[PDB]
Structure formats: C-alpha cells, structure tokens
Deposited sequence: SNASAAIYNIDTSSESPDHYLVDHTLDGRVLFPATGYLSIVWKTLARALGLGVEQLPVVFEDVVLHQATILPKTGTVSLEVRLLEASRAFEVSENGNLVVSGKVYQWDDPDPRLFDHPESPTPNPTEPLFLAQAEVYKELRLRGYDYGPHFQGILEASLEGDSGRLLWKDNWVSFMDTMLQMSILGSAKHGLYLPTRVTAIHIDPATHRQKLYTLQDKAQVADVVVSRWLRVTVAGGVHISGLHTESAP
C-alpha cells in the first residue's frame, strides 16, 4: 500500500499564526481541539491527492481520541499524521505517543441532502455565560456561536474561513443541549462528512457583513449539522 505523512508544528505564542488556539483553554489547560485533529488529517489527505482542502469532500469513520494534547505556552509541539491507502486508516501521534486514530477517505459522490433538514433565542454573551457555568472557558476566537435556542437544538454559527473553530462551535452546540453536569471532552465520533461545495452554498450574510450558517442538533438521530459539515455519533467523558 501507498502511505503518506505530514508534521504540523504548533506554536501558540503571540506572533504565531496559531496563537488563536489559546482561546481554546478548558479548566485552565490549553487543549488542542478535537476538530484541530480533523483539520490536520484532512490537510494531509488533500496533500497526498494533489488537491486543495476545499476541493476534497471527505468522510471520517470511527474516530477515537486516545488522549488530550496540552499545548505549550512557549515553543512548539509537533503532531505527525500518517495515512495508509489500502485500509483507509489514519493515525496522529505526538512524541511517539498515539493521540488519534480512525478512517478517512474522499467522498466520491457527495449527497447534498445530508445537510438539509425539514422546515426564544439566547444571544452570544448568554451562550458563553451558560458554557462558562458548565465549565468551558472559550476565548474570543472560539466564540463562534452567535445565537442559540434555549434548548440548544438550533442556532447560527460564524464563518471565518477557519474549519477548526467552526467545527468546534458545532461540538459546543451539542454540549449546549445536554443533561450532563460539568466539563466533558470528546472521546470518539462515529462519522463525519464534509462537502465544501455544499458549505459554500449554505453560507449567508447578515446585515453586518458576517458570513454565517444555520446549525441544528437532532437528539433523535444523534447528529449535528451546519454548513457543509455533518457530525454523527459524538461521545464524551468527564474531565476535572
């Protein structure tokens, strides 16, 4: 089988292009987001195919997050992505330790219907007050929920050409309508489908020139859907 690999050096200090990750700090620890792993794996697959990420509709299956990755406040940590073609597998490691595994492959015939649904709101500040009370201290670059219903099953997400923070605000919504008390971190995701062509068509502009997308959470189907992203079967565990 063919194999491919790429190494991403993550620096969060004040002059780094990845300084925005300091706004993903949970109970005082800077944690690399689960959706940051999705992003670097997707980039590695595009790089292996000679495509841009926006040209690559993609499926993830059976994503398992084996441990959290703390980020350093100075210097760098290096995350390595390896892909194996025949099995469609990927692995992410850090200093030889396995961090994430699963399957990833191009979505050969995307179905735009996956991103549609049949057809009392909290403002942004109250949303992040609610998340703060539940234990999540997101800073401004991760405050992408612009409004959400009191039940947490619909809302609007900001789009800033950043797939990491956009998909993280989809996980934030799922947490919003939860009966769980306290801080919970992802441990696995059954499937993720991304179609950038649909994403571009789902975006719309508010009066303030902000590009946004509608988000819904289905308790019945165990899915969260926004723009061109469909997340199925999220599971989480308690953290201190």
Missing segments of the deposited chain sequence, listed N- to C-terminal
120-128
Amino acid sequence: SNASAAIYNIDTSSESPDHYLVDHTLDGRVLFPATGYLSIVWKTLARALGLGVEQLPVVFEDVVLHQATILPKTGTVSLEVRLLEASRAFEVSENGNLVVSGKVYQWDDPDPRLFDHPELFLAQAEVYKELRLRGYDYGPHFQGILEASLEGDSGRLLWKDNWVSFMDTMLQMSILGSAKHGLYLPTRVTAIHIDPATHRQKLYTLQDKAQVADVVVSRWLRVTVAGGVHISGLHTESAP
From here on, numbers count along this sequence of modelled residues.
Averaging C-alpha B-factors over each stretch, which comes out higher, 206-214 or 35-43?
206-214
135-143 versus 99-107: which one carries the higher mean Cα B factor per the record?
135-143
Per the coordinate record, which of the options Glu80, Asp116, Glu126, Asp161 holds the highest CA temperature factor?
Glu126
For the C-alpha B-factor as written in the entry, point me to the maximum among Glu85, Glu91, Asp153, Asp168.
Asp153
Taking the chain's C-alpha temperature factors as the reference, tell me which third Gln67 falls into: lowest, middle or highest.
highest
On the chain's distribution of Cα B-factors, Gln201 falls within the third called middle
C-alpha B factor of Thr25, ranked within the chain: lowest, middle or highest third?
highest
Can you tell me whether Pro57 has a C-alpha B-factor in the lowest, middle or highest third compared with the other modelled residues of the same chain?
lowest
Assigned third (lowest, middle, highest) for the C-alpha B factor of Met173
middle
